[PDB]
Amino acid sequence: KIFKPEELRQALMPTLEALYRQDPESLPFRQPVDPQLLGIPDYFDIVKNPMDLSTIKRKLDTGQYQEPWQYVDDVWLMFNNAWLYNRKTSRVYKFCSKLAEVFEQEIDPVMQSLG
Ligand SMILES: CCc1c(C(=O)NCc2cccc3ccccc23)[nH]c(C)c1C(C)=O
């Protein structure tokens, strides 16, 4: 049950790269949400634990995931936050749904492998 951080990064980065490759859908998720810049002062009231692709990448890069379910949980936290805050007609919401479709296909074989 022990995963070296470098091993995790090698196995999990391609799944992250798949999400980054999605244009236009990944662009709202490439950086943390800035509520002041975006003019959405209630964002941190609704979303208690922000997450985005840049933070997930940094966590992979700095060895902050002890095991792979932590990585999957952060990706899903990103998705759930967007589905929670944004209305169903918004680009972010629909883009989130696309990323989730792309992620589920990428992650299955990798998680089976890592076990
Ligand atoms: C709505 C604010 C928000 C964004 C966001 O960065 N918006 C600006 C933006 C930047 C780049 C491309 C975009 C493409 C389409 C739409 C907005 C884009 N990202 C998330 C996750 C949220 C929330 C609240 O969940």
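All heavy atoms count here, side chains included; hydrogens, waters and symmetry mates do not. Indexing begins at 1, ligand by ligand and atom by atom, following the structure's order. Counting begins at 1 with the first residue of the sequence.
In this view, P28 and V92, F95 satisfy the side chain to side chain contact (heavy atoms under 4.5 Å, CB included) rule, not counting sequence neighbours. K4 is linked by a salt bridge (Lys or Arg N to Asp or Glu O under 4.0 Å) to nothing, counting only residues two or more places apart in sequence or in another chain.
When heavy-atom distances to ligand 1 are checked against 4.0 Å, the residues falling inside are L27, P28, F29, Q31, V33, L38, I40, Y43, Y85, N86, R91, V92, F95, ordered by chain and number.
Taking each heavy atom of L60 and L8 in turn, the nearest pair found is CD2-O, 4.3 Å.
Annotation for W69: atom CH2 does not count as buried by contact number, only 12 or fewer foreign heavy atoms lying within 6.0 Å.
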Residues 29-38, side-chain donor-acceptor partners within the protein, below 3.5 Å, at least two apart:
from : atom 1 : to  : atom 2 : distance (Å)
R30  : NE     : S26 : OG     : 3.0
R30  : NH2    : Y20 : O      : 2.8
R30  : NH2    : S26 : OG     : 3.3
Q31  : NE2    : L27 : O      : 3.0
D34  : OD1    : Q36 : N      : 3.3

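Side-chain contact between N81 and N49 is absent, with no heavy-atom pair separated by less than 4.5 Å.
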